[PDB]
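Okay, structure first, notes after.
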Amino acid sequence: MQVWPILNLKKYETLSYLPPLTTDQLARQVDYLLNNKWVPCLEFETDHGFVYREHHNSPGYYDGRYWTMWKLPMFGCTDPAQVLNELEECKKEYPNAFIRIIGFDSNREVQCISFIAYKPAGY
Amino acid sequence: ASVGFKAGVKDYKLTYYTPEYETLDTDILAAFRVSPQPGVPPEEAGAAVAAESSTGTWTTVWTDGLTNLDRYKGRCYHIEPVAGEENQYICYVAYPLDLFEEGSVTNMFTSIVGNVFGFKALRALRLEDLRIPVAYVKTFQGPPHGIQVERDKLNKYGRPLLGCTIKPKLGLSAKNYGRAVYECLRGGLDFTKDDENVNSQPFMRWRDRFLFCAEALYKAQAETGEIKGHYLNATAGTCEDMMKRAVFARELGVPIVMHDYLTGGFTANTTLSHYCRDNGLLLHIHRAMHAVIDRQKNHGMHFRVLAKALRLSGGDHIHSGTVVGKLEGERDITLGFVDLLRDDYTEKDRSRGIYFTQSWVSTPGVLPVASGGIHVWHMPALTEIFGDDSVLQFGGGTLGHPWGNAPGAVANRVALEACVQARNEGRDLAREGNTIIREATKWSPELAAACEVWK
Amino acid sequence: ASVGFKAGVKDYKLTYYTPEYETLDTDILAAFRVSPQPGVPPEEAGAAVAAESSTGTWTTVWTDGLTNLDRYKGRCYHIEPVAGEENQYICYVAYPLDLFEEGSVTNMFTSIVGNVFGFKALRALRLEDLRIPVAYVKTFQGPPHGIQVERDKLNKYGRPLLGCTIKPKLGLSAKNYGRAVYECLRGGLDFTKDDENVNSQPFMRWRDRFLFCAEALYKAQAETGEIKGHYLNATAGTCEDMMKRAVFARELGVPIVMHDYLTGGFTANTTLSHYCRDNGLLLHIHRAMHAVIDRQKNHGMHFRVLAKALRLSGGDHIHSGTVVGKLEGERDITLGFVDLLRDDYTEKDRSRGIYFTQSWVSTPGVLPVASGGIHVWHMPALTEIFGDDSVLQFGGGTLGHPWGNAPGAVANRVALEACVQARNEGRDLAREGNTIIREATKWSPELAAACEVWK
Amino acid sequence: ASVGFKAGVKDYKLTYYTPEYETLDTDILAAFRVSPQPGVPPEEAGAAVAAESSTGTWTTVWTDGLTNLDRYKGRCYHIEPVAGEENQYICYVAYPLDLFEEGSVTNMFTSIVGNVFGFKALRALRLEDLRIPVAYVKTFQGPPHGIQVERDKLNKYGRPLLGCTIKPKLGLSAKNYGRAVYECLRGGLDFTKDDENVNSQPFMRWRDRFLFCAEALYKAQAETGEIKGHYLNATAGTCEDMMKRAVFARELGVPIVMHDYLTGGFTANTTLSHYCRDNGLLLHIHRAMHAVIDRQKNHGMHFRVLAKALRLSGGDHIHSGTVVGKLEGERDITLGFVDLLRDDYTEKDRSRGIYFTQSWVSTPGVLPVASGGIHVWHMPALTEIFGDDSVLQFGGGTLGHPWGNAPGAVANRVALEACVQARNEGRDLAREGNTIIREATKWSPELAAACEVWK
Amino acid sequence: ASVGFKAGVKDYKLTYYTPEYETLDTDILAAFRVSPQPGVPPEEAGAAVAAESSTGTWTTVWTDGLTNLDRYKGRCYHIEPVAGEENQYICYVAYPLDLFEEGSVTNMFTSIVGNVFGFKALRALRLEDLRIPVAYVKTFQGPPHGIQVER
Amino acid sequence: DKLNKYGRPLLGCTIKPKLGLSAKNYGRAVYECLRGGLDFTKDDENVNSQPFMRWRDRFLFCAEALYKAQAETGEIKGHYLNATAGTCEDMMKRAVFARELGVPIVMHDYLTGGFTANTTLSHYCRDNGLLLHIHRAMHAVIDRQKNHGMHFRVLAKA
Ligand SMILES: O=C(COP(=O)(O)O)[C@H](O)[C@H](O)COP(=O)(O)O
Ligand SMILES: O=C(COP(=O)(O)O)[C@H](O)[C@H](O)COP(=O)(O)O
Ligand SMILES: O=C(COP(=O)(O)O)[C@H](O)[C@H](O)COP(=O)(O)O
Ligand SMILES: [Ca+2]
Ligand SMILES: [Ca+2]
Ligand SMILES: [Ca+2]
Ligand SMILES: [Ca+2]
């Protein structure tokens with residue numbers, strides 16, 4: 001009988017309960033997006049990588065949901081390598097930031113995916 | 001309509017059976033499964049269903065001459081035999097837009113289903129489907145939020161959401177109830193839930209439950225960093241009590257409330273739906289009592305009709321049963337009403353029980369909730385059948401884990417994420433489900449423990 | 001309850017089938033007609049019904065050890081075969097007082113009937129009766145007024161009350177609708193009525209209808225000197241709209257409003273019932289949609305259960321169908337739930353479908369309303385079957401008279417008074433009904449005209 | 001009931017003395033200690049008590065024939081002599097459920113005790129006990145929270161709670177009053193309290209007191225880490241002023257308010273009780289004025305009756321006196337009404353003054369508060385007599401400590417915890433109390449200092 | 001809609017003049033009397049009226065790729081000359097039901113007539129008629145009473 | 001003085017496309033614009049409450065976006081939340097939520113909304129400390145032609 005840990009066990013939604021993705025796994029998730037015609041984009045956050053409530057408390061209001069966009073969504077991107085190269089540029093510039101890959105479905109007209117691609121040391 | 005009076009009984013048939021009728025885009029269409037009494041021919045039965053759910057009177061009345069009743073009558077415009085059933089037919093009936101009160105599901109059901117089911121010429125009657133015209137759809141608010149907005153508020157993407165009903169439903173004190181809630185949420189589930197029966201009772205008054213559940217959910221959210229919710233049941237005896245409950249949930253700043261729409265009723269449900277929209281609260285709908293009406297094939301109303309009504313009145317989630325434990329066909333029927341709940345347009349498809357093409361003119365979709373005897377081994381199946389836009393609920397499947405609620409939650413969250421990753425990599429969930437689960441047990445003691453207990 | 005955990009499925013049977021159980025006066029008792037799947041023995045089925053409508057879980061959960069689940073479980077304490085049916089039994093289940101929210105019919109139905117009807121081990125399930133303990137009865141308001149107070153407010157004694165549904169239900173303008181109302185009331189009927197479908201629609205908005213109906217009823221009252229009423233339908237899409245309608249009726253000073261309790265729902269009905277009590281309004285309840293649930297003998301809920309629920313939630317009148325056109329037994333069943341609606345105490349009587357002795361501890365009785373294809377010739381029968389405390393409604397039976405509404409009303413009022421006088425003189429309505437009617441035609445041209453048209 | 005009129009006086013006796021009567025489970029039963037005037041036989045006295053507290057009139061009135069008075073009369077069904085008292089008897093009277101307004105303790109007392117005490121045929125009269133039937137119990141809310149919920153909200157388990165009344169009651173300014181509050185709470189007491197007399201007065205207006213007490217309690221809570229409360233007295237001259245006070249306590253987010261239920265009155269108390277339930281406030285009830293009514297053995301009402309009434313109307317705590325300074329019997333009587341306040345079921349026990357078996361059908365229990373001249377040396381006794389579910393209050397016992405409030409508080413908290421630990425280890429508090437206290441002084445200078453001052 | 005970004009102006013015409021468009025029963029249709037500036041051909045003017053009363057932007061923006069703008073654009077589906085007027089045409093424009101707030105005449109006018117009348121390529125512009133679809137008509141209360149009830 | 005901005009024109013940006021974005025993607029655009037140095041972002045005159053983006057959801061996400069941009073830059077930010085509606089009651093509901101959020105500015109299309117509703121909203125803004133941005137939608141229907149209508153200077157004085 002194991003007791004689920006309490007300290008430093010913050011999660012980042014989809015796929016965050018699995019062992020961290022290898023470059024191959026990461027590339028396979030990116031291909032899923034491309035094959036579905038979804039637009040990939042990267043987001044990073046250096047301050048609080050988790051949800052909190054500072055500016056308001058009414059139902060459905062939370063701070064920390066929006067992170068900052070790395071460049072622009074990658075319209076027309078056809079190669080998972082392009083995306084992963086960007087993840088590298090981003091990590092190079094923000095080695096202290098959490099980085100996640102998100103995707104947009106222009107037909108459903110909504111953001112449709114979001115998975116942590118990089119966590120800074122000790123997370 | 002009209003007259004040259006002369007009182008007396010008279011006959012339906014010619015007046016209500018209009019096989020030549022071309023339906024209007026503004027008409028509400030109904031598909032009734034009619035089982036006539038022996039000796040009643042099909043045309044006669046169909047005409048009776050139409051007359052009895054609109055203007056048919058048992059004896060001529062002079063006032064009909066003050067209007068044009070043709071403009072108001074229901075019309076049986078088509079009849080077709082049911083295969084593998086003797087003396088059973090599908091009769092299609094058209095109702096003019098003008099018979100209905102705008103925005104009132106209560107009036108829609110009263111008009112179509114309020115009287116016909118007791119007609120003596122029929123042995124049994126079942127409403128299978130309704131085509132709600134877009135001009136009537138526009139008179140309703142629909143879901144307070146709907147699929148797209150819910151995911152955006154919660155910041156949850158690319159996988160089914162996960163919940164857990166707290167058990168035992170009755171018996172726990174508000175505080176022990178909240179303790180169970182915190183242990184479940186901290187393990188990775190997105191929501192916890194009040195049983196449909198949990199309103200306000202001697203051992204656990206509602207306000208105390210709402211309060212401890214709030215403490216538990218905020219603690220789990222702070223610990224995990226992921227947004228959490230607990231479906232706080234607002235179902236009550238009067239509109240006033242229901243509103244008091246919704247108002248306190250608002251005060252607590254929590255994200256979601258719950259209502260048993262059939263036992264509470266459509267009038268109260270529409271009130272709560274409007275309040276949730278105005279206050280930013282998600283609304284989880286429980287279908288308690290549905291089987292009293294939708295179970296038997298020969299009499300009642302099929303659940304797809306009760307699901308359309310809920311999408312109009314309003315709800316963000318609705319229980320749709322599990323597809324597990326049933327043969328195809330029943331699997332196909334479920335997938336059929338699931339499309340009717342989520343999509344903007346669904347084409348007629350008799351193989352899935354969809355009798356009419358249905359458009360929703362951008363009314364938000366409702367998230368279907370799969371619940372009922374499910375555990376980790378059904379995960380590949382559920383993910384395959386429902387896709388991402390669904391809520392999978394595990395009551396016994398979570399609180400029944402050998403190490404407790406938290407590990408029970410971890411097991412379910414890992415099992416789900418393993419399936420999502422596999423599907424995304426191109427693996428066949430239908431063929432490789434058990435292998436996907438087993439591989440995950442290699443690195444997840446929590447999942448391995450669960451897999452040992454069930455199936 | 002309790003533990004030494006160890007996760008895993010387990011079996012019901014021993015836990016929920018308690019044939020030795022002695023029921024408490026505080027227990028809510030249910031009589032379910034159970035049709036098990038082939039291979040499921042009766043004790044097993046009864047135990048499933050009890051477990052599935054209370055604490056039964058599909059897999060052991062550790063939290064049961066934090067309470068004493070025995071104190072909360074439903075118990076199947078008796079089973080008896082149904083004669084003339086293979087594999088069909090009546091299973092009696094007891095539910096502890098503590099499972100229910102006080103004053104909430106919504107919670108009572110959710111707890112007993114919210115889940116069991118879909119259990120796979122059952123082929124079909126029907127709730128036949130509920131024994132509501134007096135301690136739970138005391139938590140409800142019951143009828144806003146009830147039989148005794150209604151007669152006192154209206155000053156009407158010694159005969160059934162008479163009403164007439166305005167037809168066609170849809171199509172007339174508010175003013176022509178009111179004209180029909182005035183012609184009906186001035187002829188001797190006590191009430192006129194909105195069809196269950198008449199709420200607020202394109203050709204006749206509710207406020208205009210309420211207003212013209214008020215003018216018509218006041219004019220008929222001033223002309224005849226007898227108090228009149230029109231059941232103004234307050235059924236609406238939301239609680240707010242329903243209240244707006246009730247409030248205007250109050251402003252007009254009229255005596256009675258109406259609500260479709262099943263399509264509106266119990267939560268909204270209880271709100272309207274409380275408002276009527278606080279404002280002195282009588283409440284007529286229409287049972288639209290009942291046959292969707294109560295018609296089939298093997299599945300659903302018998303109407304006697306829906307009638308008890310209404311007496312608790314609140315209503316001054318409730319439609320109970322006609323006893324006409326049916327054989328004894330069905331006649332006996334109706335008379336049985338009529339006693340359950342009107343009396344303070346009704347002893348168990350299986351010959352009339354009364355499975356439990358029921359006490360009401362002075363909760364007011366509800367006036368049953370006989371409606372549906374009746375005319376002057378059924379008068380002796382109706383008077384004999386229902387007695388004085390009933391409302392007899394004639395829609396086509398009034399508006400179908402050859403000389404119009406007023407003479408149609410006179411014919412019904414004379415026919416009823418002739419029967420009452422005859423019964424009071426000791427005449428046998430059952431044997432001399434037709435003779436009593438014929439003698440009255442000798443001095444009533446209106447009645448003679450009606451008798452010529454019907455039967 | 002009924003008649004054949006003929007005006008005139010007449011005689012009770014035969015009509016109200018019904019020794020053969022079998023009580024109904026719905027009847028309210030009363031045990032009156034009757035001291036008849038010389039010459040009045042017991043049966044005559046008992047019959048007078050019943051007639052005079054129900055339907056007995058001094059002269060025949062014709063209206064009795066319009067009802068069935070038997071259904072409404074009080075009945076003396078049993079009489080038994082009181083030992084060691086000449087001409088004194090216990091007369092049992094049964095009152096039908098229908099005589100009482102639901103949820104109204106005000107009406108319950110008016111009906112039973114509103115008239116009989118002044119009857120000339122009696123020398124004296126005392127109401128000793130009332131059996132409140134469960135059907136009437138269900139019409140009341142009962143405590144806003146009750147024992148179990150209170151401990152869960154406060155997170156305090158396994159020991160009596162501790163409080164301290166601020167003294168002098170009048171004279172301190174709001175700020176100095178708050179200073180005393182902070183020094184008391186920081187030392188280990190859970191609550192501080194307003195004297196029953198402290199409402200709003202020239203030197204200390206209520207709002208200023210509430211405000212400074214809030215600052216003091218929050219500071220003590222932050223310092224110790226344990227949840228604290230101050231019973232803010234909301235007793236006022238009108239319902240409006242009382243509500244204003246409760247509302248500000250709500251605004252401050254504090255946990256508990258107070259009300260003098262007898263001087264404020266039951267109508268106002270029930271209002272405050274309902275408000276506390278709706279707003280999550282605990283309610284401490286002070287019994288000021290009780291001895292005016294319950295002290296003398298021959299006339300008035302015993303406190304156990306005033307305690308049952310409070311449990312129905314609502315309160316979370318209620319003063320029950322100290323068992324200290326009195327012989328057994330009085331000790332037994334106190335323990336008897338303590339069970340009546342806390343438990344769900346109490347069997348008849350004349351050795352403890354319990355005349356009727358009483359069930360509460362899950363109405364929450366009330367925490368008894370021991371107060372009055374107690375100090376550290378009574379601790380083993382109080383813990384033994386009351387057990388964990390009690391509040392022990394020390395006014396002079398805290399503010400009278402030589403080193404001040406904080407050390408005074410520490411002394412009481414240590415003394416209590418020493419006793420709890422000892423009892424839990426199996427030590428006999430009754431025999432080893434003084435030894436348990438003395439051992440604690442060895443390591444607690446605060447306790448040692450207190451022990452030197454008292455007894 | 002959609003992208004492969006690359007900022008810059010671009011041209012309307014092909015995008016807003018859809019002479020092959022079959023109107024939906026849910027569309028709000030407008031008949032505009034258009035008087036183009038000299039040199040602006042009719043198809044160009046009609047396309048401008050449609051773009052300028054819906055999704056037309058003066059320079060490409062990247063956010064268009066987050067939606068399907070085709071589902072939201074106004075479309076000039078027909079043009080016909082006005083007799084006895086030189087350089088004056090009737091241009092028909094269709095607007096999707098989704099552009100409008102239910103029950104709000106204020107929003108209906110803001111959307112159709114709020115911006116186009118000041119477009120420089122036009123000399124003058126007049127809205128002659130609107131076809132209000134029944135699904136939008138049902139979102140309004142309409143007259144408090146109306147002819148029949150008033151009498 | 002409220003905004004603490006002196007000596008230069010203020011800068012804003014209208015979010016485009018006006019219709020089509022979901023409330024959340026709309027808010028994302030708002031945050032990226034504000035964090036770069038603009039003082040305000042804005043709802044198009046057409047953006048009131050519509051099927052793909054109901055008003056309350058937009059107000060809520062725009063609030064999250066603006067507070068995040070303000071915290072990042074240290075400069076006060078605003079988003080013109082369009083309160084234009086079909087009835088006075090709906091317009092007020094919108095202004096009231098903006099007040100609840102503690103945001104600084106709302107917007108109204110004064111000509112399509114109308115002067116009676118505009119004066120009501122103006123009085124409410126004064127009583128609640130809200131700045132009011134006015135959009136002139138429909139002005140060219142009236143003020144464009146030199147021979148007929150009303151010149152804009154008259155609509156500006158009003
Ligand atoms: O309590 C549960 C399931 O608990 P568990 O997860 O332990 O099975 C759900 O409310 C029902 O399954 C819903 O019924 P329906 O799907 O028929 O609405
Ligand atoms: O409209 C009528 C009767 O009109 P008519 O008097 O002309 O027959 C009544 O509403 C139904 O009979 C009630 O149905 P139920 O009795 O099944 O509730
Ligand atoms: O003020 C005090 C005690 O102060 P101290 O703790 O200094 O004795 C209490 O209110 C009374 O004892 C209660 O009376 P009763 O118990 O009769 O209700
Ligand atoms: Ca459940
Ligand atoms: Ca009817
Ligand atoms: Ca005192
Ligand atoms: Ca613009």
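Per chain, numbering begins at 1; letters A, B, ... match sequence-line order. The figures that follow rest on heavy atoms only: side chains count, while hydrogens, waters and symmetry mates do not.
With a 4.5 Å cut-off on side-chain heavy atoms, F/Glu45 and E/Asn115 count as touching. Contact check for F/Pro51 versus E/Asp98: side-chain heavy atoms found under the 4.5 Å cut-off. By the 4.5 Å heavy-atom criterion applied to side chains, F/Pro17 and E/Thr57 are not counted as neighbours.
Annotation: maximal heavy-atom pairing with chain F below 4.5 Å, among E/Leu99, E/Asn68, E/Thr55, occurs at E/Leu99. Note on F/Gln50, F/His139, F/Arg144: by heavy-atom pairs under 4.5 Å with chain E, the leading option is F/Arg144. Contact tally against chain F (heavy-atom pairs below 4.5 Å) for E/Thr67, E/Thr110, E/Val61: the top residue is E/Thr110.
Looking at F/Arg54, only its side chain comes within 4.5 Å of chain E, counting heavy atoms on both sides. With a 4.5 angstrom heavy-atom cutoff, E/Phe100 touches chain F only via backbone atoms. Looking at F/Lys16, the atoms closer than 4.5 Å to chain E (heavy atoms on both sides) sit in the backbone and in the side chain alike. Within the 4.5 angstrom heavy-atom criterion, atoms from both the backbone and the side chain of E/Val113 approach chain F. Both the backbone and the side chain of E/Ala124 come within contact range of chain F, with heavy atoms under 4.5 Å apart.
Closest of all the heavy-atom pairs between E/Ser104 and F/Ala85 is OG-C, 4.0 Å. The two atoms that bring E/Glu102 and F/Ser49 nearest to each other are OE1-O, 4.4 Å, heavy atoms only. What you find for E/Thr106 and F/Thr112 is that their closest heavy atoms are OG1-O, 3.2 Å. The shortest non-hydrogen separation linking E/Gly118 to F/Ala140 is N-CB, 3.5 Å. The nearest pair of heavy atoms linking E/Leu69 to F/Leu19 is CD1-O, 3.9 Å.
E/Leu66 contributes atom CG, which lies 6.0 Å from atom CG of F/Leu21 (distance to the nearest 0.5 angstrom). Taking CZ from E/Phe117 and CE from F/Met138, the interatomic distance works out to 8.0 Å, rounded to the nearest 0.5 Å.
A 6.0 Å sphere centred on CZ of F/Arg153 holds no more than 12 heavy atoms belonging to other residues, nucleotides or ligands. E/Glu128 CD: more than 12 foreign heavy atoms inside a 6.0 Å radius. Heavy atoms from other residues, nucleotides or ligands lying under 6.0 Å from CZ of E/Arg131 number more than 12. Around OH of E/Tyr89, the count of heavy atoms belonging to other residues, nucleotides or ligands within 6.0 Å exceeds 12. Heavy atoms of other residues, nucleotides or ligands lying less than 6.0 angstrom from NZ of E/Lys10 number 12 at most. For F/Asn147, the CG atom counts as densely surrounded, since its 6.0 Å shell holds more than 12 non-hydrogen atoms of other residues, nucleotides or ligands. Residue E/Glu20 places its CD atom among more than 12 non-hydrogen atoms of other residues, nucleotides or ligands, all under 6.0 Å distant. Counting heavy-atom neighbours within 6.0 Å of F/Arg99 CZ, excluding the residue itself, gives a total of 12 or less.
A donor-acceptor pair under 3.5 Å is absent between the side-chain atoms of E/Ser111 and the main chain of F/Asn46, judged by distance alone.
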